[PDB]
């Protein structure tokens, strides 16, 4: 059963309960549809002076199939250090990623290879499948959530949290996730699934390898009509393996799509042939670009 577990409290193993006064505000790290992410410094405690990223929400819950904030930890997913509730607000204290997002780093290159993208896509695959094994769907996957650490290893900004903004204005008009990366069944309000994450994954791959989105229109309904019905030519400058992976990921019907049964059929793909997956998971594979 899809179970909603509300996030009200969390203190990392071996540390003390936190409160907003223990955090000094330094800068705005950015702004997303669930609000701004700020940069804060721990003023007191064993980790005093250390930098963290702070998200401020009204509330956040986690939908899991069949402690969990400890299980979601992954080499390529941000770590939840603190979490607390004051004045109807939920503060989340996470890792501060110093590399910025990936697309920004790619645009700092005149050119890149299929291998460079393959690295990031691989680590991303590990993260996604790890979330799926816990029974978690990432719901809203988009480049803005894919950042780099100081070294260049992938780090996601979230782990499938169902969040709620504090801005009453915007949140009253808030509408789910990002349409460009929506799966055809998600567009059809059939509900999110594991396979939709892999559709979005395929859209990310396409966007990285082409620099363009496969489906985008003048508005939401046109983009959706495109995702559902429009034609999509295969970029002939891609390797056979890449074309294969894209062809297998882009399936409008899930359970006909790659990864609907396991990521093992994604790990074995000829596109990921020279990828040592355990060394990848151990962050022992040298990243293509330093942030």
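Residue numbers count along the first chain shown, from 1.
The PDB entry records a higher mean C-alpha B factor for 170-178 than for its counterpart among 91-99 and 170-178. Higher average CA B factor: 79-87, of the stretches 79-87 and 191-199. Within the group 31, 50, 236, 244, the record's highest C-alpha temperature factor is found at 31. Residue-level inspection of the entry shows that, of 229, 257, 59, 55, 59 has the top Cα B-factor. Among the modelled residues of its chain, residue 150 has a C-alpha B-factor that falls in the lowest third according to the deposited record.
Among the modelled residues of its chain, residue 267 has a C-alpha B-factor that falls in the lowest third according to the deposited record. In the deposited entry, the Cα temperature factor of residue 212 sits in the middle third of values across the chain's modelled residues.
Residue 160: CA B factor in the middle third of modelled residues in this chain (values from the PDB entry). Ranked within its chain, residue 139 lands in the highest third, by CA B factor from the PDB record.
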